[PDB]
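Working notes for the structure below.
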Amino acid sequence: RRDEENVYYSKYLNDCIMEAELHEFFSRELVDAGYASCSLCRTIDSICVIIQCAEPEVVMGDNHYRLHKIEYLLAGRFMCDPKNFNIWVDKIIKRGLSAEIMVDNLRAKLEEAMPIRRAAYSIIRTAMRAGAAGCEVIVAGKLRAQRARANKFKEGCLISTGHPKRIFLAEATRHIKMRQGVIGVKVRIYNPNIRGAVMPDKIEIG
Amino acid sequence: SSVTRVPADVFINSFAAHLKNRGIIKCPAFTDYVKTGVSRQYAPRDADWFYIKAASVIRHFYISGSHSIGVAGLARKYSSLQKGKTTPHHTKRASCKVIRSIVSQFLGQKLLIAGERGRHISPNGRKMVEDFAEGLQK
Amino acid sequence: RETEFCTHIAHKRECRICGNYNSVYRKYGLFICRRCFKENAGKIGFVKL
Amino acid sequence: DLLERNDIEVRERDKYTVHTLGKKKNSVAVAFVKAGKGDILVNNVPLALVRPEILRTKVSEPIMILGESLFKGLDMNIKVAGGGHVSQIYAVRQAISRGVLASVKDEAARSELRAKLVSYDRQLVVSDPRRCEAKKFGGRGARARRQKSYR
Amino acid sequence: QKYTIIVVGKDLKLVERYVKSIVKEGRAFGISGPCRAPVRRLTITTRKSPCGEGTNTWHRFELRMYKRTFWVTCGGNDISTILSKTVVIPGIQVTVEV
Amino acid sequence: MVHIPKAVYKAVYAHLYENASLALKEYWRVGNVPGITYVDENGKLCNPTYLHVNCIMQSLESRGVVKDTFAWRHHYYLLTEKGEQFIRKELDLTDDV
RNA sequence: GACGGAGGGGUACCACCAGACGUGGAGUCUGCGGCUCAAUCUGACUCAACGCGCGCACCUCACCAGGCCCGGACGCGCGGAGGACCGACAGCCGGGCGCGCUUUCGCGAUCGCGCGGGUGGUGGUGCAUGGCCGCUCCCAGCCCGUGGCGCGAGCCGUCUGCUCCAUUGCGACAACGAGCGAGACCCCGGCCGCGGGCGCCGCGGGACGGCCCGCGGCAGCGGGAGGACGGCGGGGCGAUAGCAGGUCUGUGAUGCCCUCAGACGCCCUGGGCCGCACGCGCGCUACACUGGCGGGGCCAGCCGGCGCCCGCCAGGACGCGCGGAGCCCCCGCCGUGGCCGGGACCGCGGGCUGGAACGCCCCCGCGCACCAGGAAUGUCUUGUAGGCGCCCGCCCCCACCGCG
């Protein structure tokens with residue numbers, strides 16, 4: 001009762017892979033402004049990117065022209081009309097609770113060569129203060145040695161499996177670079193109070 | 001209904017015999033030395049095969065009712081599997097040239113009509129299929 | 001070297017992310033490395049279940 | 001052939017009063033009863049002529065359980081789409097029995113035809129779901145895995 | 001004039017609200033009942049391993065694409081009024097047709 | 001050594017100076033960059049070679065006129081202030097512009 | 001802690017039992033070993049290597065036989081305008097490309113040279129690594145905080161009881177509270193509504209060991225019923241501590257390292273991975289009559305296009321939006337004969353895809369073993385094994401493959 005050649009589906013696919021290319025460009029572009037979540041909605045050849053971010057000031061700046069130059073860069077790359085590419089940057093609450101900021105902060109803190117335990121212990125505090133009941137930091141590599149090891153420093157109880165894990169955890173992976181070699185840092189933050197619902201097993205019985 | 005009440009294979013064999021006496025189809029020269037299908041490596045031993053097939057194409061067109069589908073669709077109906085390979089067996093369609101040469105012959109005799117795309121049973125032909133079924137009924 | 005450079009014409013399909021010419025997996029029109037797709041399929045919205 | 005608007009599209013007008021279904025092993029059947037002379041047809045083919053010739057008895061079990069009187073007035077038109085040959089005969093039997101039940105459903109007499117039919121044959125009225133399982137990686141089937149070379 | 005509307009949403013929950021909004025904006029313009037297009041399942045099965053070593057475990061990735069059927073008999077300006085009126089949620093497919 | 005055309009050198013510089021946006025996908029000798037048009041000495045507006053443009057992209061990086069943020073096989077360049085002054089001198093353009 | 005040819009408890013078709021249907025024996029396919037070549041690129045080898053790293057004519061491609069070329073960026077010293085750099089007619093060489101030469105028309109600082117510093121790489125090391133998977137691990141295990149116990153390492157909790165499948169519970173106790181893993185959730189299904197329409201698809205309920213009866217403090221156990229569904233579906237996610245398990249050859253992940261202008265950079269051409277005395281692993285087709293033959297009926301699901309002529313086909317021309325298996329069912333036929341089973345190889349052709357077969361398809365030939373497979377073995381209990389087709393992936397062509 002139809003011709004099965006609907007290209008609406010194919011268009012939907014190319015916006016998803018556009019965000020996916022953006023997510024990576026924004027990571028190279030805004031490690032300074034703590035780039036985190038990205039979404040894209042284009043209504044009728046309008047194009048709007050909502051970048052939830054730790055700080056939008058480096059993204060925007062004087063005349064919001066740093067944001068504009070980034071918008072032009074992507075308008076050119078994605079061949080879209082120049083200036084038609086539009087981005088609104090929002091400041092996120094609970095900076096500590098989002099782990100893409102915390103892992104970003106850790107990787108750059110580790111560069112100044114601070115104690116690796118102290119780095120994790122400081123990051124662990126700012127997530128628990130922001131509310132996360134579960135905080136997990138694992139740094140693995142050739143740390144202070146010529147041999148591999150993994151150093152898990154964890155504060156609190158984190159769910160590790162199941163459907164709640166998908167929506168109640170904030171696992172963020174970053175790869176620090178060091179003269180010895182890559183010492184990737186992994187931070188996972190678990191919030192039972194996610195406001196999207198309740199933990200499947202949490203019976204309030206009050 | 002009428003022909004549908006009759007077992008289609010019984011109707012096909014009986015009508016094929018009628019079509020030959022009625023002068024419908026008149027089989028071509030190529031059909032004596034040809035094996036239907038790219039799957040079958042053996043020719044039909046029936047010797048009245050081009051009549052039995054010709055009851056199948058026109059009665060299947062009666063089953064179409066108003067579809068107006070083509071020769072390849074009928075060829076698929078009589079298809080079977082190709083063997084003789086170390087690789088597993090896969091279904092291969094019937095030979096189109098035989099099927100084309102009966103649907104065109106039926107339309108040429110005005111038993112079928114080319115309304116659009118393929119062919120649907122003509123009203124003149126519609127009597128023929130029902131007529132024979134009535135003979136089978138008694 | 002105008003004649004020499006790139007005289008031969010062939011498909012050079014590669015992952016959009018990696019540039020590797022193997023396992024391109026353009027099933028739905030995604031020019032995606034199978035190993036590279038494993039790295040970034042979450043943003044494309046594919047879900048494991 | 002799979003659960004589309006095909007259920008009512010086959011017949012325009014000639015309104016059928018009693019609707020019934022019989023569905024097993026992906027073979028779904030929609031049965032429509034006009035309550036005329038009692039004759040039953042499935043897929044344009046009279047029920048007394050069924051493509052499997054041994055499986056005409058399986059299809060004629062609802063009819064064999066009750067007397068001719070029940071089917072003397074119930075005219076059933078059935079339409080089975082999808083599944084397979086054997087899943088279609090099994091489907092037919094379920095739909096014919098839903099049709100008798102629908103005729104006497106309001107009265108407590110629905111119980112009599114449900115007990116007699118079910119006691120003689122289970123699934124005459126009910127439909128065993130038994131759906132097919134899913135192949136998993138490392139095997140050619142849900143319960144079958146490839147031969148292990150060593151150990 | 002009647003205009004065709006198609007909405008494609010990857011997440012059922014995100015389109016679920018959009019379909020509820022579609023009736024609550026175009027009720028005067030008689031928006032069509034929301035028939036749902038059968039899910040288009042984009043499925044990719046990939047070996048989980050970067051290499052081929054170990055058991056051949058397979059990582060199944062599926063994107064389910066949902067679509068809804070809508071038609072509005074209204075003026076040329078009126079579709080644009082509903083287009084602004086409907087609840088705007090990000091990453092959605094918006095269709096205006098004839 | 002590449003005989004990069006001056007017309008292709010200036011047009012790219014203006015495209016970067018005006019848009020602070022150049023995106024160069026990885027490419028080999030075949031193919032032409034989409035979005036740059038250069039005047040031929042034969043009086044024709046055309047499309048420049050990906051290779052010649054690539055050496056301009058590397059000359060500005062080796063000058064420091066840009067900042068590299070390569071991602072997903074696409075180069076990403078934003079004009080730098082030190083470069084912004086430099087581009088004007090080559091294009092015979094003014095600071096007030 | 002690990003081991004026991006120690007004892008007691010459990011428990012699992014990667015255990016067996018009762019069975020099943022296989023493999024091994026044959027032909028072929030693909031991978032691995034060896035051998036051989038200019039090269040036959042490599043990873044890796046008990047489970048947890050061996051159709052695995054998702055279809056090698058070219059590219060891929062990493063290998064080899066050659067053949068161009070720079071794309072050495074920038075800085076610094078130095079050189080440069082009638083010329084820094086380079087490009088080509090013919091002839092010849094070289095398959096060939098002013099590659100290069102005889103030569104003589106062009107051409108314009110884009111840059112020549114020496115130094116610092118690039119630049120790439122499917123070069124090496126996975127015993128330098130990240131990430132990612134495999135496996136330990138059909139397995140229930142792990143573990144604080146306070147208190148107890150010992151000089152302590154360490155125990156207690158975290159249990160020699162009974163129950164589950166299960167650190168699942170129940171009961172008792174120097175423990176008392178937690179936590180993570182289990183479970184829960186999630187994805188689909190079968191059932192029943194509420195709405196909606198181009199599309200059967202959005203949202204909910206329904207099943208909980210409730211009920212009955214016995215038995216046990218109990219946890220629960222075993223029967224019955226009632227019901228689509230009955231008592232771990234059919235999946236996904238899979239703690240903790242690990243293994244020098246595998247991947248540097250997936251990448252603008254990467255250290256150390258190696259090459260870097262006759263390059264270990266990239267392109268261009270031709271070959272190789274597919275070479276075969278042989279051994280093995282995963283398969284596919286067999287051994288016939290519970291079959292081949294082949295004339296009709298006829299039903300699929302992941303889900304899906306056809307028409308008209310031309311052609312034995314293979315295909316093709318030409319337009320348009322459309323549209324569906326095998327097995328089995330009946331009726332012939334052959335008649336226990338390596339035969340009318342089997343189709344491996346071979347010889348003519350006819351097509352196709354591509355720039356090109358060395359690829360595939362088809363028609364007429366051709367008719368190898370094979371007459372039920374030794375020691376061994378491998379996976380399984382409901383829509384299950386098996387039989388039977390189909391779809392997609394990687395694809396120019398091509399599946400005895402994988403995932404479905």
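Labels used: A, B, ... for chains in the order of the structure tokens, numbers from 1 for residues in each chain, and numbers from 1 for ligands as shown.
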Report as CSV: every residue of chain C with an atom at most 10 Å from chain F, its closest pair of atoms, and their distance in Å to one decimal, counting only C-alpha atoms, with rows sorted by chain and ascending residue number.
residue,atom,partner,partner_atom,distance
C:2,CA,F:29,CA,8.8
C:5,CA,F:29,CA,6.7
C:6,CA,F:29,CA,6.7
C:7,CA,F:30,CA,9.1
C:9,CA,F:30,CA,10.0
C:14,CA,F:73,CA,10.0
C:15,CA,F:73,CA,8.8
C:16,CA,F:72,CA,6.0
C:17,CA,F:72,CA,4.0
C:18,CA,F:73,CA,6.7
C:19,CA,F:73,CA,6.8
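Looking only at range 117-194 of chain A, the set that DSSP places in strand (DSSP E or B) from backbone geometry is residues 134, 135, 136, 137, 138, 139, 140, 141, 149, 150, 151, 152, 153, 154, 155, 169, 172, 173, 174, 185, 186, 187, 188, 189 and 190 of chain A.
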Cut-off 10 Å: closest chain G/chain A atom pairs per residue, using only C-alpha atoms (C1' of nucleotides), as CSV:
residue,atom,partner,partner_atom,distance
G:127,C1',A:147,CA,9.3
G:128,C1',A:146,CA,6.5
G:129,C1',A:181,CA,6.0
G:130,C1',A:182,CA,5.1
G:131,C1',A:184,CA,7.9
G:179,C1',A:157,CA,6.2
G:180,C1',A:159,CA,6.9
G:181,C1',A:160,CA,8.3
G:183,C1',A:201,CA,9.5
G:184,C1',A:201,CA,5.8
G:185,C1',A:163,CA,5.3
G:186,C1',A:163,CA,5.1
G:198,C1',A:1,CA,7.0
G:199,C1',A:1,CA,8.4
G:236,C1',A:162,CA,8.5
G:237,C1',A:162,CA,4.4
G:238,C1',A:161,CA,6.0
G:239,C1',A:160,CA,7.5
G:244,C1',A:148,CA,9.1
G:253,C1',A:175,CA,7.3
G:254,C1',A:182,CA,5.7
G:255,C1',A:181,CA,4.2
G:256,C1',A:180,CA,8.5
G:304,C1',A:4,CA,9.3
G:305,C1',A:3,CA,8.3
G:321,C1',A:3,CA,7.5
G:322,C1',A:3,CA,7.5
Practice problem: Would you kindly report the residues of chain G within 6 Å of chain C, using only C-alpha atoms (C1' of nucleotides), as a PyMOL selection string? | Solution: chain G and resi 59+187+236+250-251+267-268
Quiz item: Could you pull the residues within 10 Å of residue 50 in chain F, counting only C-alpha atoms (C1' of nucleotides), minus those fewer than 3 positions along the same chain, as a list in words?
Solution: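 Within the cut-off, the hits are residues 24, 25, 26, 27, 28, 29, 30, 31, 32, 33, 34, 47, 53, 54, 55 and 56 of chain F.
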Practice problem: Do a neighbour search on residue 135 in chain A at 6 Å with only C-alpha atoms (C1' of nucleotides), toss out local chain neighbours closer than 3 positions, and write the hits as a list in words. | Solution: residues 154, 155, 156 and 189 of chain A
Any chance you can output those residues with C-alpha atoms as a short mmCIF file (atom, residue, chain, number, x, y, z; two decimals), in the first residue's frame?
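Okay, this is what ended up in part11.cif:
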data_model
loop_
_atom_site.label_atom_id
_atom_site.label_comp_id
_atom_site.auth_asym_id
_atom_site.auth_seq_id
_atom_site.Cartn_x
_atom_site.Cartn_y
_atom_site.Cartn_z
CA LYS A 154 36.43 4.48 45.33
CA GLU A 155 34.14 6.34 47.79
CA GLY A 156 30.57 5.03 48.20
CA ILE A 189 29.57 8.35 39.22
#
Quiz item: What residues in chain D get the DSSP label alpha helix (DSSP H)? Please answer as number ranges by chain.
Solution: D: 6-9, 56-59, 61-65, 68-72, 85-104, 110-120
Any idea what's packed within 8 Å of residue 138 in chain A, counting only C-alpha atoms (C1' of nucleotides), ignoring anything in its chain fewer than 5 positions away? Could you give it as a compact mmCIF listing (two decimals) with C-alpha atoms, in the first residue's frame?
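Okay, this is what ended up in result_29.txt:
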# COMPACT_ATOMS: atom_id res chain seq x y z
CA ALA A 150 45.34 -0.53 37.92
CA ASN A 151 44.70 1.76 40.96
CA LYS A 152 41.01 1.89 41.98
CA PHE A 153 40.18 4.59 44.57
CA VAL A 185 41.72 7.59 33.73
CA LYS A 186 38.17 6.19 34.12
CA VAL A 187 35.56 7.89 36.40
Can you list every residue of chain B that has an atom at most 7 Å from chain G, with its nearest atom pair and the distance in Å to one decimal, using only C-alpha atoms (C1' of nucleotides), ordered by chain then number, as JSON lines?
{"residue": "B:8", "atom": "CA", "partner": "G:297", "partner_atom": "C1'", "distance": 6.5}
{"residue": "B:9", "atom": "CA", "partner": "G:297", "partner_atom": "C1'", "distance": 5.4}
{"residue": "B:34", "atom": "CA", "partner": "G:312", "partner_atom": "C1'", "distance": 6.3}
{"residue": "B:38", "atom": "CA", "partner": "G:313", "partner_atom": "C1'", "distance": 6.9}
{"residue": "B:44", "atom": "CA", "partner": "G:294", "partner_atom": "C1'", "distance": 6.7}
{"residue": "B:70", "atom": "CA", "partner": "G:307", "partner_atom": "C1'", "distance": 6.4}
{"residue": "B:84", "atom": "CA", "partner": "G:343", "partner_atom": "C1'", "distance": 5.8}
{"residue": "B:85", "atom": "CA", "partner": "G:343", "partner_atom": "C1'", "distance": 6.8}
{"residue": "B:86", "atom": "CA", "partner": "G:285", "partner_atom": "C1'", "distance": 4.7}
{"residue": "B:87", "atom": "CA", "partner": "G:400", "partner_atom": "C1'", "distance": 4.7}
{"residue": "B:88", "atom": "CA", "partner": "G:284", "partner_atom": "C1'", "distance": 6.8}
{"residue": "B:117", "atom": "CA", "partner": "G:307", "partner_atom": "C1'", "distance": 4.6}
{"residue": "B:118", "atom": "CA", "partner": "G:307", "partner_atom": "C1'", "distance": 6.0}
Quiz item: What are the residues of chain E that have an atom within 7 Å of an atom of chain A, counting only C-alpha atoms, as a PyMOL selection string?
Solution: chain E and resi 90-94
With a cut-off of 10 Å, could you pull out the residues of chain F touching chain A and give me the nearest pair of atoms for each, distance in Å to one decimal, using only C-alpha atoms, ordered by chain and ascending number, as a tab-separated table?
residue	atom	partner	partner_atom	distance
F:16	CA	A:73	CA	9.7
F:18	CA	A:69	CA	9.9
F:19	CA	A:72	CA	6.3
F:20	CA	A:69	CA	5.8
F:21	CA	A:73	CA	4.1
F:22	CA	A:73	CA	6.4
F:23	CA	A:77	CA	5.1
F:24	CA	A:77	CA	7.8
F:25	CA	A:77	CA	8.5
F:34	CA	A:79	CA	8.6
F:35	CA	A:76	CA	8.1
F:67	CA	A:29	CA	9.4
F:68	CA	A:28	CA	8.9
F:69	CA	A:28	CA	5.6
F:70	CA	A:25	CA	7.2
F:71	CA	A:25	CA	5.3
F:72	CA	A:21	CA	6.0
F:73	CA	A:21	CA	9.4
F:74	CA	A:77	CA	8.0
F:75	CA	A:77	CA	8.8
F:76	CA	A:73	CA	7.0
F:77	CA	A:73	CA	7.2
F:78	CA	A:69	CA	6.8
F:79	CA	A:69	CA	8.4
Quiz prompt | Residue contacts of range 55-65 of chain B (8 Å, only C-alpha atoms (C1' of nucleotides)) excluding same-chain residues fewer than 4 positions away, as a VMD selection string | solution = (chain B and resid 12 to 13 15 to 16 19 51 69 74 99 102 to 103 106 112 119 to 121 126 129) or (chain G and resid 296)
Okay, now the selection with C-alpha atoms (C1' of nucleotides), as a PDB file, in the first residue's frame?
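What follows is the written file result-v9.pdb:
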ATOM      1  CA  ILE B  12      -5.943 -28.087 -14.507  1.00  0.00           C
ATOM      2  CA  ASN B  13      -5.434 -31.621 -15.914  1.00  0.00           C
ATOM      3  CA  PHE B  15      -8.993 -28.354 -18.813  1.00  0.00           C
ATOM      4  CA  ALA B  16      -5.585 -28.846 -20.465  1.00  0.00           C
ATOM      5  CA  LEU B  19      -7.818 -26.688 -24.457  1.00  0.00           C
ATOM      6  CA  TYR B  51      -1.243 -28.100 -22.267  1.00  0.00           C
ATOM      7  CA  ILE B  69       0.399  -9.522 -12.674  1.00  0.00           C
ATOM      8  CA  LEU B  74       3.552 -17.271 -12.891  1.00  0.00           C
ATOM      9  CA  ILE B  99       5.428 -18.767 -19.693  1.00  0.00           C
ATOM     10  CA  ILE B 102       1.262 -18.982 -23.290  1.00  0.00           C
ATOM     11  CA  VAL B 103       0.089 -15.671 -21.700  1.00  0.00           C
ATOM     12  CA  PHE B 106      -4.020 -16.610 -24.475  1.00  0.00           C
ATOM     13  CA  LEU B 112      -6.984 -12.859 -21.488  1.00  0.00           C
ATOM     14  CA  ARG B 119      -2.731  -9.732 -17.624  1.00  0.00           C
ATOM     15  CA  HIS B 120      -6.034 -10.578 -15.847  1.00  0.00           C
ATOM     16  CA  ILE B 121      -8.620 -13.136 -16.993  1.00  0.00           C
ATOM     17  CA  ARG B 126     -13.907 -15.878 -17.539  1.00  0.00           C
ATOM     18  CA  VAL B 129     -12.814 -21.217 -16.808  1.00  0.00           C
TER      19      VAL B 129
ATOM     20  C1'   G G 296       0.590 -29.903 -11.201  1.00  0.00           C
TER      21        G G 296
END
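Between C1' of residue 281 in chain G and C1' of residue 35 in chain G the interatomic distance comes to 19.6 Å.
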May I have a table of the residues of chain F lying at most 6 Å from chain G, giving each one's closest pair of atoms and their distance in Å to one decimal, counting only C-alpha atoms (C1' of nucleotides), ordered by chain and ascending residue number, as a Markdown table?
| residue | atom | partner | partner_atom | distance |
| --- | --- | --- | --- | --- |
| F:3 | CA | G:110 | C1' | 4.6 |
| F:4 | CA | G:110 | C1' | 4.8 |
| F:62 | CA | G:74 | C1' | 5.1 |
Put those residues in a file: N, CA, C and O atoms, as a PDB file, in the first residue's frame.
ATOM      1  N   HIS F   3      54.153  24.167  -7.522  1.00  0.00           N
ATOM      2  CA  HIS F   3      54.047  25.544  -8.046  1.00  0.00           C
ATOM      3  C   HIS F   3      52.676  26.070  -7.645  1.00  0.00           C
ATOM      4  O   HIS F   3      51.863  26.306  -8.553  1.00  0.00           O
ATOM      5  N   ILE F   4      52.429  26.267  -6.349  1.00  0.00           N
ATOM      6  CA  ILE F   4      51.048  26.633  -5.912  1.00  0.00           C
ATOM      7  C   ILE F   4      50.664  27.979  -6.536  1.00  0.00           C
ATOM      8  O   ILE F   4      51.469  28.926  -6.436  1.00  0.00           O
ATOM      9  N   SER F  62      52.222  26.014   9.935  1.00  0.00           N
ATOM     10  CA  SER F  62      53.680  26.089  10.220  1.00  0.00           C
ATOM     11  C   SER F  62      53.983  27.556  10.468  1.00  0.00           C
ATOM     12  O   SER F  62      55.045  27.848  11.049  1.00  0.00           O
TER      13      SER F  62
END
Practice problem: Please report as a ChimeraX atom specification which residues of chain E come no farther than 7 Å from chain D, using only C-alpha atoms. | Solution: /E:56-58
For the selection you just gave me, I'd like the residues written to a file as a JSON list (two decimals), in the first residue's frame, keeping C-alpha atoms.
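Once written, result37.json looks like this:
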[["chain", "number", "residue", "atom", "x", "y", "z"],
["E", 56, "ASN", "CA", 33.48, -15.36, 18.71],
["E", 57, "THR", "CA", 31.15, -13.28, 20.95],
["E", 58, "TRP", "CA", 28.87, -10.91, 18.95]]
Practice problem: Would you kindly return, as a PyMOL selection string, each protein, DNA or RNA residue with an atom no farther than 12 Å from any atom of residue 42 in chain F, considering only C-alpha atoms (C1' of nucleotides) and excluding same-chain residues fewer than 4 positions away? | Solution: chain F and resi 7+38+46
Quiz item: For chain G, which of D:52, D:73, D:99, D:67 is the closest residue, counting only C-alpha atoms (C1' of nucleotides)?
Solution: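 Using only C-alpha atoms (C1' of nucleotides), the shortest distance to chain G belongs to D:52.
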Exercise. Could you list, as a ChimeraX atom specification, the residues of chain B having an atom within 9 Å of chain D when counting only C-alpha atoms?
Key: /B:1,4-7
Keeping N, CA and C atoms for every residue in the selection just given, could you write it to a file as a PDB file, in the first residue's frame?
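The new file again_15.pdb reads:
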ATOM      1  N   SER B   1     -15.652 -20.916  -5.144  1.00  0.00           N
ATOM      2  CA  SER B   1     -16.723 -20.518  -6.086  1.00  0.00           C
ATOM      3  C   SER B   1     -16.486 -21.181  -7.442  1.00  0.00           C
ATOM      4  N   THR B   4     -13.097 -22.656  -8.028  1.00  0.00           N
ATOM      5  CA  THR B   4     -12.422 -22.748  -6.707  1.00  0.00           C
ATOM      6  C   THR B   4     -12.924 -23.986  -5.957  1.00  0.00           C
ATOM      7  N   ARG B   5     -14.210 -24.318  -6.091  1.00  0.00           N
ATOM      8  CA  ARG B   5     -14.754 -25.540  -5.447  1.00  0.00           C
ATOM      9  C   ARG B   5     -14.065 -26.775  -6.029  1.00  0.00           C
ATOM     10  N   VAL B   6     -13.833 -26.788  -7.342  1.00  0.00           N
ATOM     11  CA  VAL B   6     -13.128 -27.927  -8.000  1.00  0.00           C
ATOM     12  C   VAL B   6     -11.682 -27.972  -7.489  1.00  0.00           C
ATOM     13  N   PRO B   7     -11.075 -29.158  -7.242  1.00  0.00           N
ATOM     14  CA  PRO B   7      -9.656 -29.222  -6.870  1.00  0.00           C
ATOM     15  C   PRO B   7      -8.866 -28.608  -8.036  1.00  0.00           C
TER      16      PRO B   7
END
Exercise. Please determine the contact residues of chain E with respect to chain C at a cut-off of 7 Å, counting only C-alpha atoms, and supply them as a list in words.
Key: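 Therefore, the residues near the partner are residues 46, 50, 60, 61, 62 and 63 of chain E.
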Store the residues picked out above, limited to C-alpha atoms, as a PDB file, in the first residue's frame.
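Output saved as result_37.pdb:
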ATOM      1  CA  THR E  46      29.616  -6.838  15.097  1.00  0.00           C
ATOM      2  CA  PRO E  50      38.854  -5.574  18.478  1.00  0.00           C
ATOM      3  CA  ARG E  60      24.331  -6.632  18.698  1.00  0.00           C
ATOM      4  CA  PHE E  61      23.535  -2.901  18.205  1.00  0.00           C
ATOM      5  CA  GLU E  62      19.950  -1.897  17.281  1.00  0.00           C
ATOM      6  CA  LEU E  63      18.424   1.547  16.543  1.00  0.00           C
TER       7      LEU E  63
END
Self-check item: Atomic distance CA of residue 36 in chain F - CA of residue 47 in chain A, expressed in Å with one decimal
Solution: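 Computing it gives 23.3 Å between the two atoms.
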